[PDB]
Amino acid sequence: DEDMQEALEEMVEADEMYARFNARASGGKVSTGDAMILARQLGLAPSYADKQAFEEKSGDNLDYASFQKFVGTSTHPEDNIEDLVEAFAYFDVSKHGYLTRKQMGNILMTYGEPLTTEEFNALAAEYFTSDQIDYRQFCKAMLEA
């Protein structure tokens, strides 16, 4: 409730947050889905678990203060390169450092919070150039702010 808030202040600048919120705010409130989009646009990476827990306890329409709380809960300060890379390296039987395009697609569209074929196809148009993919390189791209 405070490390989320400390992390918010060192991860987003409040001027930008307020500006975006009022960009899409209709009478000082935004939907939870638009809050997901705004949080992404502020540089955070909320999950759908985050979204559903937050609306489970706070409802579906957020005023600025509840939006601030939601963005706080999406800061995930514990994110780091080595953990994402170990996620992918789980499927890299030899840990040599490469996955194929078919592996990347199946992993991303089968486990966790699967991507839609559209999400994955956009991702792949950008990053899955080859058929052999250096997933540590890809994870660092994904983690750039």
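Residue numbers run from 1 along the displayed sequence.
Engineer: Give the stretch, out of 29-37 and 80-88, with the larger mean C-alpha temperature factor in the deposited entry.
Structural biologist: Mean B over CA atoms: larger for 29-37.
Engineer: Could you check which stretch, 133-141 or 12-20, carries the larger mean CA temperature factor in the entry?
Structural biologist: Of 12-20 and 133-141, the stretch with the higher C-alpha B-factor average is 12-20.
Engineer: Using only the C-alpha B-factors in the record, can you name which of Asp63, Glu113, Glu55, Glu119 has the highest?
Structural biologist: Top of the list by C-alpha B-factor: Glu55.
Engineer: Comparing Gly105 with the other modelled residues of its chain, is its CA B-factor in the lowest, middle or highest third?
Structural biologist: Its C-alpha B-factor, which the entry lists for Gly105, ranks in the middle third among residues of this chain.
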